[PDB]
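Participant: My questions all concern the structure below.
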Amino acid sequence: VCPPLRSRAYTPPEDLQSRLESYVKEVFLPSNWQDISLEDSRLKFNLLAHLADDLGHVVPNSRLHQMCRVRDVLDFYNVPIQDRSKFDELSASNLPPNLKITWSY
Amino acid sequence: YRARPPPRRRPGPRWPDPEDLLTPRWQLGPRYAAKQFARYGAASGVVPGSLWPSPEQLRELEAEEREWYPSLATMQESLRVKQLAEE
Amino acid sequence: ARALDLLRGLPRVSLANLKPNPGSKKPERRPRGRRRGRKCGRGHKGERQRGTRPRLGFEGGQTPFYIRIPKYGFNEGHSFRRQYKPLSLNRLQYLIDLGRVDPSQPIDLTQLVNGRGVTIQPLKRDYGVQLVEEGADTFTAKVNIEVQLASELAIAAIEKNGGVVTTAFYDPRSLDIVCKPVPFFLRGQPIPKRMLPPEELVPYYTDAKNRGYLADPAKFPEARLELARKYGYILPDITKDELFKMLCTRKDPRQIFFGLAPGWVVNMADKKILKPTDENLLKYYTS
Amino acid sequence: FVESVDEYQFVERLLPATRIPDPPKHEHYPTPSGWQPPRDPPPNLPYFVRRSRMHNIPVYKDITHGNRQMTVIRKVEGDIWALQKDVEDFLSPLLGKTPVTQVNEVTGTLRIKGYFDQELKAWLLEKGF
Amino acid sequence: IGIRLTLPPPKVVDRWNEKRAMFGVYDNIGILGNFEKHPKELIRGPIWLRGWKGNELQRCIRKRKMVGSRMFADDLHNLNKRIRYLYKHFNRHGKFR
Amino acid sequence: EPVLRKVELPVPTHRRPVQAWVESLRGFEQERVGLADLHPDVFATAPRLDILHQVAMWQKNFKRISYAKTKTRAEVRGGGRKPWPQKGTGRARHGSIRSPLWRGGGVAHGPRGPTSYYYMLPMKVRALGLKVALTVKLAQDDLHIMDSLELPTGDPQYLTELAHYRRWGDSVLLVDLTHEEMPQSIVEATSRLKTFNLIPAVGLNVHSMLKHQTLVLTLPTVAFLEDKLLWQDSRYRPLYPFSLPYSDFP
Ligand SMILES: [Mg+2]
Ligand SMILES: [Mg+2]
Ligand SMILES: [Mg+2]
Ligand SMILES: [Mg+2]
Ligand SMILES: [Mg+2]
Ligand SMILES: [Mg+2]
């Protein structure tokens with residue numbers, strides 16, 4: 001059976017650095033954990049799979065190779081993405097009183 | 001859908017029936033058999049001894065060689081006599 | 001790359017987004033409209049608009065240029081002249097350096113072609129490869145090379161580097177087989193004999209100064225010493241070299257491939273070599 | 001009449017190779033023909049010039065109309081604009097004027113008016129491409 | 001009046017029928033199959049122009065050469081006449097020489 | 001246990017392998033069962049949309065044989081005699097009732113016979129087109145790597161629901177290594193679907209890759225494609241057709 005479709009909206013959690021470093025400690029230690037290199041497939045997979053399971057938002061294949069460091073992973077996960085359609089994006093943008101937008105789709 | 005099975009070369013030798021009138025003549029001679037043997041080895045079913053000239057063919061080849069390709073000694077003798085005449 | 005990021009941002013690439021590279025598709029010009037219609041670029045009356053102007057080279061009745069010039073034998077017998085693809089020592093050294101030609105084994109036309117150092121067209125009356133002195137002053141490879149022609153300077157360079165060069169003849173059929181052996185082996189024919197040079201070429205290949213493959217080997221040391229003296233280098237005694245056997249290997253004058261005799265059939269399908277045993281066939285293939 | 005044997009080594013010797021062999025290791029460079037492998041590690045420049053499948057520098061003379069002489073640096077990766085700046089700097093003293101060039105950012109090529117194949121090959125060798 | 005007064009019956013195209021869906025498959029049979037088969041061997045059509053292209057004169061010469069003996073009498077006569085006409089046109093008419 | 005794939009072929013020193021999530025079709029949620037390293041020269045080449053267009057048009061047109069034919073004035077029935085004399089009749093001059101000017105006459109410049117549009121791009125160009133298509137799918141997040149095409153059931157509804165749940169496109173091109181080894185479950189599922197098309201690796205092409213929104217590859221297919229496409233780089237001039245024996249070519 002098809003579960004409810006996963007909403008693509010994603011808001012980075014406030015304690016994102018703390019959660020990320022906890023996961024990094026779980027997977028891999030040294031100072032400046034931001035600069036830990038993810039060159040190892042095992043470690044990269046463990047970290048990214050844990051993060052995806054926890055936050056409900058995975059690194060796409062397109063960006064996957066760019067995650068050279070935990071700093072890159074943090075950058076990817078601290079940028080929000082909204083799944084609202086253009087209809088919402090326009091209507092909920094403080095339309096002036098003389099502008100009316102209707103959608104028949 | 002699912003793709004139809006990929007086109008593949010017909011495996012093994014292809015032996016056309018000589019009785020059929022539509023079989024091209026180049027597919028019935030010994031050269032076709034020789035090429036089939038070269039391509040497929042023992043699976044061809046071509047008797048390997050057929051790849052060499054039969055005695056009449058060998059006689060024809062030898063006659064042609066004697067007629068057109070002289071021996072090194074004959075060539076050298078002709079060259080020597082030509083040089084002698086020119087000198 | 002930033003281009004792939006731009007793709008990630010852009011809409012999906014589909015069959016509705018495709019465009020030819022600008023400048024690769026000229027517009028088609030067709031005779032409709034004011035500028036390309038009416039007379040449609042053909043002029044006004046006369047044979048040129050009618051489409052019936054005389055043949056190319058016709059000069060209106062005046063004796064044509066290409067006919068008023070006397071006939072001369074510039075191209076007489078062109079299709080029977082022998083052609084030899086040049087192989088400069090520069091090119092040979094380049095191939096050896098890039099490992100496309102292995103100097104540790106005898107270098108013959110087959111090895112040159114397999115390394116793609118030369119392209120032979122027997123159908124275009126190529127009779128083989130001629131060594132060319134170009135690059136001699138920087139040639140530093142010890143090689144055992146078999147060619148069809150060789151310049152004196154090229155021989156000198158080859159020998160000074162401690163190698164051996166021999167000029168070997170090939171008839172068109174043997175040359176085709178040597179250049180492309182695999183297709184010949186797929187033809188399923190016994191390996192033919194290598195024919196002897198024509199009478200005009202016999203002296204060249206029997207002369208030791210050319211390192212002819214039919215020349216008396218007794219005269220080779222004298223010729224090599226003469227070249228060493230002429231070009232001011234000390235002749236290295238290759239017999240002392242640890243590759244002397246390789247430098248000495250020479251296929252028999254009637255042999256096309258080094259280790260294969262005339263008359264053998266190469267069954268590549270099952271990695272075998274069938275050899276005739278009939279006395280008549282053996283005598284023929286040894287003659 | 002027929003006698004089979006396994007002397008197939010002399011046929012394996014005739015079989016040609018489909019893949020271009022990697023150049024053998026040489027004790028001393030540049031090689032007598034002048035060839036030189038790219039340095040290891042690669043230079044840290046913003047751009048990279050990959051060698052041709054023959055392991056040569058991809059710098060080619062080109063001619064059009066019988067009088068337009070050009071030189072093309074073809075297999076460029078990275079900042080083709082950084083490469084263009086470097087090429088202009090390297091070539092202006094030779095010409096006395098900044099060379100006129102075209103940057104095909106799509107195909108990753110740099111086309112320079114005039115023949116500079118030898119100079120650009122030497123320059124790229126020095127840079128270690 | 002050279003205009004129809006009613007809309008034509010709607011034309012419905014199934015972009016995902018089997019033919020369109022599998023179009024192009026095995027076009028890379030060679031480069032992806034050790035070159036056992038050339039892509040032109042995938043071409044289904046007249047025997048005389050499978051994996052070959054030419055102008056009309058060359059096409060007619062090839063057709064006569066390859067299936068001329070199997071052609072009907074008047075079709076072959078028409079082909080011979082067409083070859084003759086095309087020879088005359090291509091070798092004697094035209095703007096360029 | 002993660003399914004981790006490494007790049008078998010040598011990778012250029014200046015380039016790092018691109019990466020993809022190895023997924024599985026066994027469950028709606030099995031979106032990350034491993035990590036695959038994909039050769040950068042096959043999955044991160046330049047976005048040559050012009051080459052994509054070249055290869056797509058070659059695919060569309062090289063097989064084309066138009067069967068349109070019209071009758072010339074020679075082949076139209078009749079029309080031998082001059083309809084009426086040159087002079088005296090008061091009518092226009094004509095030489096046969098089948099000239100193009102006449103109703104029912106021949107077509108002056110019509111489609112002539114079955115015409116082929118055959119032409120071959122260089123095989124290097126076609127292989128480059130395949131590489132560019134793969135890079136484009138990966139970069140646009142339409143490429144998904146599966147460990148295998150095995151399905152829990154052969155029900156097409158399961159496959160459609162899986163695609164919808166994973167937010168795949170309306171159309172999916174599933175690719176498996178060889179025709180014979182394709183799992184029976186996926187074979188059954190895709191035999192009844194129109195927009196989910198299952199092909200062997202040897203059938204992969206730019207046209208179908210573009211027609212289908214998402215491209216699903218198996219790990220063996222990825223290895224196979226990398227090998228075949230990278231071989232085009234670093235190969236000599238052909239001495240003779242590659243079908244013939246070579247020292248190192250299967
Ligand atoms: Mg005008
Ligand atoms: Mg007029
Ligand atoms: Mg006039
Ligand atoms: Mg050019
Ligand atoms: Mg008539
Ligand atoms: Mg009609």
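So you can find residues: chains in the structure tokens are A, B, ... in the order shown, residues in each start at 1, and ligands are numbered from 1 in order.
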For residue D:68, list every protein, DNA or RNA residue within 10 Å, evaluated using only C-alpha atoms, and leave out those in the same chain fewer than 3 positions away; present the list as a PyMOL selection string.

Facilitator: chain D and resi 62-65+113-115

Participant: Save out the residues we just selected, C-alpha atoms, as a PDB file, in the first residue's frame.

Facilitator:
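The resulting file, result.pdb, is shown below:
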```
ATOM      1  CA  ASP D  62      44.009  24.877 -37.779  1.00  0.00           C
ATOM      2  CA  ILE D  63      43.650  26.664 -41.099  1.00  0.00           C
ATOM      3  CA  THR D  64      40.636  28.077 -42.914  1.00  0.00           C
ATOM      4  CA  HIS D  65      40.262  29.966 -46.181  1.00  0.00           C
ATOM      5  CA  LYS D 113      44.435  33.527 -33.980  1.00  0.00           C
ATOM      6  CA  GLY D 114      47.853  32.674 -35.381  1.00  0.00           C
ATOM      7  CA  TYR D 115      50.058  29.594 -35.135  1.00  0.00           C
TER       8      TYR D 115
END
```

Participant: What do you get as a VMD selection string if you pick all residues at most 7 Å from ligand 6, counting only C-alpha atoms and all ligand atoms?

Facilitator: chain F and resid 76 104 to 106

Participant: Going by DSSP on the backbone, which residues of stretch 13-83 of chain E come out as helix (DSSP H, G or I)? List them as a ChimeraX atom specification.

Facilitator: /E:18-21,39-42,47-49,56-70,73-83

Participant: Give me a file of those residues, with C-alpha atoms, as a JSON list (two decimals), in the first residue's frame.

Facilitator:
```json
[["chain", "number", "residue", "atom", "x", "y", "z"],
["E", 18, "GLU", "CA", 4.53, 0.16, -27.73],
["E", 19, "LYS", "CA", 6.07, 1.44, -30.97],
["E", 20, "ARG", "CA", 6.73, 4.93, -29.64],
["E", 21, "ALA", "CA", 7.68, 3.68, -26.19],
["E", 39, "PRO", "CA", 22.91, -0.41, -36.14],
["E", 40, "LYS", "CA", 22.09, -0.32, -39.86],
["E", 41, "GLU", "CA", 21.15, -3.99, -39.63],
["E", 42, "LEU", "CA", 18.21, -2.79, -37.53],
["E", 47, "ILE", "CA", 16.36, -4.65, -49.77],
["E", 48, "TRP", "CA", 18.17, -2.23, -52.07],
["E", 49, "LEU", "CA", 18.34, 0.66, -49.58],
["E", 56, "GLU", "CA", 17.33, 9.48, -56.95],
["E", 57, "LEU", "CA", 19.65, 8.45, -59.78],
["E", 58, "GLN", "CA", 21.80, 6.37, -57.45],
["E", 59, "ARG", "CA", 18.71, 4.89, -55.82],
["E", 60, "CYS", "CA", 17.33, 3.84, -59.19],
["E", 61, "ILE", "CA", 20.65, 2.36, -60.29],
["E", 62, "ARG", "CA", 20.83, 0.40, -57.05],
["E", 63, "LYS", "CA", 17.22, -0.77, -57.32],
["E", 64, "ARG", "CA", 17.78, -2.02, -60.86],
["E", 65, "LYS", "CA", 21.05, -3.68, -59.87],
["E", 66, "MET", "CA", 19.69, -5.48, -56.81],
["E", 67, "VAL", "CA", 16.06, -6.34, -57.63],
["E", 68, "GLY", "CA", 15.88, -5.48, -61.31],
["E", 69, "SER", "CA", 15.49, -9.13, -62.26],
["E", 70, "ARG", "CA", 12.53, -9.50, -59.87],
["E", 73, "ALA", "CA", 7.91, -5.83, -66.70],
["E", 74, "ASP", "CA", 6.43, -2.35, -66.87],
["E", 75, "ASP", "CA", 7.92, -1.31, -63.53],
["E", 76, "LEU", "CA", 11.35, -2.29, -64.85],
["E", 77, "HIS", "CA", 10.69, -0.44, -68.09],
["E", 78, "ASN", "CA", 9.74, 2.64, -66.08],
["E", 79, "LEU", "CA", 12.88, 2.26, -63.98],
["E", 80, "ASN", "CA", 15.10, 2.04, -67.05],
["E", 81, "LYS", "CA", 13.43, 5.12, -68.52],
["E", 82, "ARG", "CA", 13.81, 6.94, -65.21],
["E", 83, "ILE", "CA", 17.50, 6.07, -65.02]]
```

Participant: Residues at most 6 Å from stretch 101-103 of chain D, counting only C-alpha atoms, excluding those fewer than 5 positions away in the same chain, as a count of residues only?

Facilitator: 3

Participant: How far is it from atom CA of residue E:94 to atom CA of residue C:56, in Å with one decimal?

Facilitator: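 Distance reported for this atom pair: 11.5 Å.
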
Participant: Between F:141, F:8, F:188, F:181, which is the closest to chain B once you count only C-alpha atoms?

Facilitator: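 That would be F:188, the residue with the smallest distance to chain B.
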
Participant: Distance table requested - chain F against chain E, cut-off 6 Å, only C-alpha atoms: one row per qualifying residue with the closest atom pair and its distance in Å to one decimal, ordered by chain and rising residue number, as JSON lines.

Facilitator:
```
{"residue": "F:63", "atom": "CA", "partner": "E:43", "partner_atom": "CA", "distance": 5.5}
{"residue": "F:116", "atom": "CA", "partner": "E:53", "partner_atom": "CA", "distance": 5.4}
{"residue": "F:118", "atom": "CA", "partner": "E:53", "partner_atom": "CA", "distance": 5.6}
{"residue": "F:194", "atom": "CA", "partner": "E:16", "partner_atom": "CA", "distance": 5.8}
{"residue": "F:202", "atom": "CA", "partner": "E:32", "partner_atom": "CA", "distance": 5.2}
{"residue": "F:203", "atom": "CA", "partner": "E:26", "partner_atom": "CA", "distance": 4.2}
{"residue": "F:242", "atom": "CA", "partner": "E:35", "partner_atom": "CA", "distance": 6.0}
{"residue": "F:243", "atom": "CA", "partner": "E:35", "partner_atom": "CA", "distance": 5.2}
```

Participant: What are the residues of chain B that have an atom within 9 Å of an atom of chain F, counting only C-alpha atoms, as a PDB file with C-alpha atoms, in the first residue's frame?

Facilitator:
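So part-v5.pdb came out as:
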```
ATOM      1  CA  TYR B   1       6.339  -2.529 -21.894  1.00  0.00           C
ATOM      2  CA  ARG B   2       9.339  -4.800 -22.271  1.00  0.00           C
ATOM      3  CA  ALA B   3      11.757  -4.550 -25.159  1.00  0.00           C
ATOM      4  CA  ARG B   4      11.803  -7.332 -27.699  1.00  0.00           C
ATOM      5  CA  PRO B   5      14.856  -9.590 -27.390  1.00  0.00           C
ATOM      6  CA  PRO B   6      17.978  -7.836 -28.677  1.00  0.00           C
TER       7      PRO B   6
END
```

Participant: Show me, as a list in words, the residues that have an atom within 8 Å of stretch 20-31 of chain A when counting only C-alpha atoms, minus same-chain residues fewer than 2 positions from it.

Facilitator: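 With the cut-off at 8 Å, the set is residues 16, 17, 18, 33, 43, 46, 47, 50, 51 and 74 of chain A.
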
Participant: Residues as selected, C-alpha atoms, written as a PDB file, in the first residue's frame, can you do that?

Facilitator:
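So the final result, stored in result19.pdb, reads:
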```pdb
ATOM      1  CA  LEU A  16      21.088  21.214  13.669  1.00  0.00           C
ATOM      2  CA  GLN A  17      24.793  21.568  14.459  1.00  0.00           C
ATOM      3  CA  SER A  18      24.372  19.648  17.712  1.00  0.00           C
ATOM      4  CA  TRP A  33      34.598  18.192  13.136  1.00  0.00           C
ATOM      5  CA  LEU A  43      31.295   6.639   6.603  1.00  0.00           C
ATOM      6  CA  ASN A  46      26.285   5.924   7.385  1.00  0.00           C
ATOM      7  CA  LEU A  47      26.214   9.652   8.103  1.00  0.00           C
ATOM      8  CA  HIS A  50      21.257   8.552   9.415  1.00  0.00           C
ATOM      9  CA  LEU A  51      20.625  12.200   8.602  1.00  0.00           C
ATOM     10  CA  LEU A  74      25.782  21.071   7.327  1.00  0.00           C
TER      11      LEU A  74
END
```

Participant: Taking only C-alpha atoms and all ligand atoms and a cut-off of 7 Å, can you tell me which residues surround ligand 3, written as a list in words?

Facilitator: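 Written in the requested form, the residues are residues 44, 45 and 46 of chain C.
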
Participant: Using only C-alpha atoms and all ligand atoms, find each protein or nucleic acid residue lying at most 12 Å from ligand 2; present the set as JSON, numbers by chain.

Facilitator: {"C": [38, 39, 40, 42, 43, 44, 45, 46, 47, 48, 49, 50]}

Participant: Store the residues picked out above in a file with C-alpha atoms, as a PDB file, in the first residue's frame.

Facilitator:
```pdb
ATOM      1  CA  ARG C  38      10.595  35.501 -60.033  1.00  0.00           C
ATOM      2  CA  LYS C  39      13.690  34.416 -61.979  1.00  0.00           C
ATOM      3  CA  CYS C  40      14.892  32.375 -58.985  1.00  0.00           C
ATOM      4  CA  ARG C  42      19.004  31.759 -62.785  1.00  0.00           C
ATOM      5  CA  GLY C  43      19.499  34.902 -64.840  1.00  0.00           C
ATOM      6  CA  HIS C  44      17.506  35.964 -67.875  1.00  0.00           C
ATOM      7  CA  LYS C  45      17.069  33.685 -70.895  1.00  0.00           C
ATOM      8  CA  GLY C  46      20.001  32.047 -72.637  1.00  0.00           C
ATOM      9  CA  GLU C  47      21.399  28.615 -71.922  1.00  0.00           C
ATOM     10  CA  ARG C  48      22.164  29.488 -68.324  1.00  0.00           C
ATOM     11  CA  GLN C  49      18.556  30.189 -67.419  1.00  0.00           C
ATOM     12  CA  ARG C  50      17.385  27.340 -69.630  1.00  0.00           C
TER      13      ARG C  50
END
```

Participant: Can you tell me which residues surround residue B:50 at a distance of at most 12 Å, considering only C-alpha atoms, apart from same-chain residues fewer than 6 positions away, and format the answer as an MDAnalysis selection string?

Facilitator: (chainID B and resid 29:35 37 57) or (chainID C and resid 188:190 265 274 276) or (chainID D and resid 1:2)

Participant: Please identify the residues whose atoms come within 10 Å of ligand 5, using only C-alpha atoms and all ligand atoms, and report them as a short mmCIF file (atom, residue, chain, number, x, y, z; two decimals) with N, CA and C atoms, in the first residue's frame.

Facilitator:
```cif
data_model
loop_
_atom_site.label_atom_id
_atom_site.label_comp_id
_atom_site.auth_asym_id
_atom_site.auth_seq_id
_atom_site.Cartn_x
_atom_site.Cartn_y
_atom_site.Cartn_z
N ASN E 78 9.79 1.30 -66.64
CA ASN E 78 9.74 2.64 -66.08
C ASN E 78 11.03 2.98 -65.37
N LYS E 81 13.68 3.78 -67.99
CA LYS E 81 13.43 5.12 -68.52
C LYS E 81 13.80 6.19 -67.51
N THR F 72 5.62 10.41 -62.18
CA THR F 72 6.02 11.47 -63.08
C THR F 72 5.18 11.41 -64.35
N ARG F 73 5.31 12.45 -65.17
CA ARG F 73 4.58 12.47 -66.43
C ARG F 73 4.94 11.29 -67.31
N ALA F 74 6.10 10.67 -67.09
CA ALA F 74 6.44 9.47 -67.84
C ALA F 74 5.62 8.28 -67.37
N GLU F 75 5.35 8.19 -66.08
CA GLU F 75 4.72 7.01 -65.51
C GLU F 75 3.21 7.12 -65.41
N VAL F 76 2.63 8.30 -65.58
CA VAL F 76 1.18 8.41 -65.59
C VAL F 76 0.63 7.71 -66.82
N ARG F 77 -0.49 7.02 -66.66
CA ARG F 77 -1.06 6.23 -67.75
C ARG F 77 -1.43 7.11 -68.93
N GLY F 78 -1.05 6.67 -70.12
CA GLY F 78 -1.45 7.35 -71.34
C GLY F 78 -0.55 8.50 -71.70
N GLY F 79 -1.13 9.56 -72.25
CA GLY F 79 -0.38 10.77 -72.51
C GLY F 79 0.73 10.63 -73.52
N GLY F 80 0.53 9.82 -74.55
CA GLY F 80 1.54 9.68 -75.57
C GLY F 80 1.39 10.70 -76.68
N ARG F 81 0.17 10.84 -77.19
CA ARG F 81 -0.09 11.69 -78.34
C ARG F 81 -0.12 13.16 -77.94
N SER F 96 1.17 16.45 -74.20
CA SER F 96 0.56 15.25 -73.65
C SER F 96 -0.40 15.66 -72.56
N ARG F 98 -0.77 14.37 -69.80
CA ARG F 98 -0.27 13.99 -68.49
C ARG F 98 0.88 14.85 -68.02
N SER F 99 1.13 15.99 -68.66
CA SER F 99 2.16 16.88 -68.16
C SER F 99 1.69 17.49 -66.84
#
```

Participant: Using only C-alpha atoms, I'd like every residue of chain D that has an atom within 12 Å of chain C; please write them out as a VMD selection string.

Facilitator: chain D and resid 1 to 37 46 to 47 53 to 56 77 to 80 105 to 108

Participant: For stretch 119-122 of chain F, work out the shell of residues within 8 Å, counting only C-alpha atoms and skipping chain neighbours fewer than 2 positions away, then give it as a VMD selection string.

Facilitator: (chain E and resid 51 to 53) or (chain F and resid 55 58 62 117 124 to 126)

Participant: With N, CA and C atoms retained, export the selected residues as a tab-separated table (two decimals), in the first residue's frame.

Facilitator:
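Output file part09.tsv follows:
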```
chain	number	residue	atom	x	y	z
E	51	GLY	N	20.42	0.43	-45.00
E	51	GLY	CA	21.73	0.92	-44.62
E	51	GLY	C	22.49	1.58	-45.76
E	52	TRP	N	21.80	2.37	-46.57
E	52	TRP	CA	22.44	3.04	-47.69
E	52	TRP	C	21.60	4.24	-48.07
E	53	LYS	N	22.24	5.25	-48.65
E	53	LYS	CA	21.56	6.47	-49.02
E	53	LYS	C	22.17	7.02	-50.30
F	55	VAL	N	22.56	13.30	-31.51
F	55	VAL	CA	22.32	11.86	-31.39
F	55	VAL	C	20.83	11.55	-31.46
F	58	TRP	N	19.87	11.77	-35.09
F	58	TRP	CA	20.38	10.61	-35.80
F	58	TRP	C	19.52	9.40	-35.52
F	62	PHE	N	17.98	8.04	-38.99
F	62	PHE	CA	18.83	7.14	-39.76
F	62	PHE	C	18.08	5.88	-40.17
F	117	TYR	N	17.06	7.83	-45.40
F	117	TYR	CA	17.70	8.96	-44.76
F	117	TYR	C	18.90	8.53	-43.95
F	124	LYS	N	32.25	7.41	-31.79
F	124	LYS	CA	32.67	8.21	-30.65
F	124	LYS	C	31.62	9.26	-30.32
F	125	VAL	N	31.04	9.89	-31.33
F	125	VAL	CA	30.00	10.88	-31.08
F	125	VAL	C	28.78	10.23	-30.46
F	126	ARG	N	28.39	9.05	-30.94
F	126	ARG	CA	27.21	8.41	-30.38
F	126	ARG	C	27.44	7.97	-28.94
```

Participant: Name the residues, by chain letter and number, that sit within 12 Å of ligand 1 using only C-alpha atoms and all ligand atoms, and give them as a ChimeraX atom specification.

Facilitator: /C:31-41

Participant: Just write the chosen residues, N, CA and C atoms, as a tab-separated table (two decimals), in the first residue's frame.

Facilitator:
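Once everything was written out, this is part08.tsv:
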```
chain	number	residue	atom	x	y	z
C	31	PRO	N	13.00	29.12	-53.76
C	31	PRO	CA	12.60	30.23	-54.63
C	31	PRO	C	11.13	30.62	-54.50
C	32	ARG	N	10.78	31.19	-53.35
C	32	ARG	CA	9.47	31.76	-53.13
C	32	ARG	C	9.64	33.14	-52.52
C	33	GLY	N	8.81	34.07	-52.96
C	33	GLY	CA	8.87	35.43	-52.46
C	33	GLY	C	9.58	36.35	-53.43
C	34	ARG	N	9.63	37.62	-53.03
C	34	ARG	CA	10.19	38.64	-53.91
C	34	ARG	C	11.67	38.42	-54.15
C	35	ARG	N	12.43	38.20	-53.09
C	35	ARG	CA	13.88	38.22	-53.24
C	35	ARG	C	14.42	36.95	-53.87
C	36	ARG	N	13.80	35.80	-53.62
C	36	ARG	CA	14.29	34.54	-54.15
C	36	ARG	C	13.40	33.95	-55.23
C	37	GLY	N	12.31	34.61	-55.58
C	37	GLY	CA	11.40	34.14	-56.59
C	37	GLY	C	11.62	34.80	-57.94
C	38	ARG	N	10.55	34.89	-58.71
C	38	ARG	CA	10.60	35.50	-60.03
C	38	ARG	C	11.51	34.71	-60.95
C	39	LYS	N	12.74	35.16	-61.17
C	39	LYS	CA	13.69	34.42	-61.98
C	39	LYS	C	14.50	33.42	-61.17
C	40	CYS	N	14.35	33.42	-59.85
C	40	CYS	CA	14.89	32.38	-58.98
C	40	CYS	C	16.40	32.22	-59.13
C	41	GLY	N	17.11	33.32	-59.36
C	41	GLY	CA	18.55	33.28	-59.33
C	41	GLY	C	19.20	32.63	-60.52
```

Participant: Please provide the set of residues having any atom within 6 Å of stretch 191-196 of chain C, restricted to only C-alpha atoms, with same-chain residues fewer than 2 positions apart removed, written as a tab-separated table (two decimals) with N, CA, C and O atoms, in the first residue's frame.

Facilitator:
```tsv
chain	number	residue	atom	x	y	z
C	171	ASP	N	55.15	-8.95	-52.15
C	171	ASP	CA	54.23	-8.80	-53.26
C	171	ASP	C	52.93	-8.22	-52.71
C	171	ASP	O	52.73	-8.18	-51.51
C	174	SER	N	51.02	-10.78	-50.34
C	174	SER	CA	51.69	-10.97	-49.07
C	174	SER	C	51.63	-9.70	-48.23
C	174	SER	O	51.48	-9.77	-47.01
C	254	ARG	N	60.62	-16.76	-48.11
C	254	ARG	CA	59.29	-17.18	-48.54
C	254	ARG	C	58.30	-17.22	-47.40
C	254	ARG	O	57.21	-17.78	-47.55
C	255	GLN	N	58.65	-16.65	-46.25
C	255	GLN	CA	57.81	-16.68	-45.07
C	255	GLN	C	57.19	-15.31	-44.85
C	255	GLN	O	57.88	-14.29	-44.92
C	256	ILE	N	55.89	-15.29	-44.58
C	256	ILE	CA	55.18	-14.04	-44.34
C	256	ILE	C	55.25	-13.64	-42.87
C	256	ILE	O	55.59	-12.50	-42.55
C	262	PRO	N	54.50	-21.21	-44.69
C	262	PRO	CA	53.50	-21.27	-45.76
C	262	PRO	C	52.75	-22.59	-45.74
C	262	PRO	O	53.33	-23.65	-45.48
C	263	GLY	N	51.46	-22.52	-46.01
C	263	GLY	CA	50.62	-23.69	-46.08
C	263	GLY	C	49.83	-23.97	-44.82
C	263	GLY	O	48.85	-24.71	-44.87
C	264	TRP	N	50.23	-23.41	-43.68
C	264	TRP	CA	49.49	-23.63	-42.46
C	264	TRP	C	48.16	-22.90	-42.51
C	264	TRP	O	48.01	-21.86	-43.16
```

Participant: Hey, can you check how far atom CA of residue C:136 sits from atom CA of residue C:106?

Facilitator: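 Separation of atom CA of residue C:136 and atom CA of residue C:106: 19.7 Å.
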
Participant: Go ahead and compute the interatomic distance for atom CA of residue F:10 and atom CA of residue D:43, in Å to one decimal.

Facilitator: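 About the pair atom CA of residue F:10 and atom CA of residue D:43: they are 19.2 Å apart.
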